[PDB]
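Take a look at the structure below.
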């Protein structure tokens, strides 16, 4: 029962305190609440950019739909998977339940990673690179990153070393994606106004940090060693917080910045 993942492992042995159970539940709720608010934002502001850029708004909205539904479902899965034990005063894995399941989140990554990588290609323009090649490279490596991460996710409890190995293989696809995106950002800068170049610079920093938070949260319970402080409900709380911060940053703030870049590039912003 504690086999599938670290959350279930903790739940079936030490159990979760009131604070850990509540906080995790609240952070995951805020996460899907923000997606829903984002969905409305991207729908309402679609008229603010020229037609030629609106595929980016469209993709932002679709990402919001996906993330709202899958994060909502993940939130319910968290709350219904553990019940309070009066005696000990903690929450434990409920055998009557479905158990905590990472599938919701990994499915969300599979769907959302290619749409996030794709939408920048509709705002900013390449120079020496080709659209189809960059697109194909984003899609292949993005899919492989998530798939090999999912494979790794399986051995988290039963085989920690395989968990790390597949994670490293996954990280290699990630490094490739950073490298392509860096190229896209640099080529995108050529020929647009300095105000647009500065939004692109912020997008890069945001992209770099927010995406790197995902492997960070993946590794979170083992970042303090064999039985360090994070190897506990605190590593669980920390992991779900970082995922949620990453979710809001990589999807919502990224979309907002892209939208602001698109406005800067409207036809009237020229001579």
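Structural remarks
- Sites residue 106 and residue 195, calculated FRET efficiency, Cβ-Cβ separation with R0 41 Å, nearest 0.05: 0.60
- More than 16 angstrom apart: percent of Cα pairs within the range 107-179: 53
- Length gained on full extension, residue 58 to residue 187, computed as 0.36 nm times the residue gap minus the Cα-Cα distance: 44.1 nm.
- Gain on full stretching of the segment that runs from residue 46 to residue 208 - 0.36 nm per residue minus C-alpha separation: 55.7 nm
- Rounded tilt (10° steps) of 18-44 against the dominant C-alpha axis of the chain: 20
- Nearest-ten-degree value, helix 54-80 long axis tilted from longest Cα axis of the chain: 10
- Tilt relative to the chain, helix 233-247 - C-alpha long axis, 0 to 90 degrees, to 10: 20
- Given their separation in residues at 0.36 nm each and the Cα-Cα distance between them, residue 143 and residue 86 gain 16.1 nm when the chain is fully extended.
- Viscosity 1.002 mPa s, temperature 20 °C, Stokes-Einstein D of the range 31-169 from Kirkwood C-alpha radius, µm²/s: 121
- Shape of the range 1-109, Cα gyration tensor, a/c cut at 1.5: prolate
- Set of the range 80-104 residues, backbone N closer than 19 Å to the point 7 Å along the Cα-Cβ line of residue 19: 84-85, 88-92
- Cα radius of gyration and Dmax for the range 19-59 (Å): 15.3, 48
- Binned Cα-Cα distance frequencies in the chain - 5 Å width, integer %: 1, 6, 12, 16, 17, 15, 11, 8, 6, 4, 2, 1, 0, 0, 0
- Histogram of C-alpha separations across the range 47-87, 10 Å bin width, %: 24, 28, 20, 15, 9, 4, 0
- Convex hull of alpha carbon positions in the range 163-271: directionally averaged projected area 7.8 nm².
Every read-out reported here was derived from the displayed coordinates using simple, explicitly stated rules and does not represent laboratory data. Cβ atoms come from the backbone with ideal geometry, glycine included; neighbour counts cover every protein chain shown.
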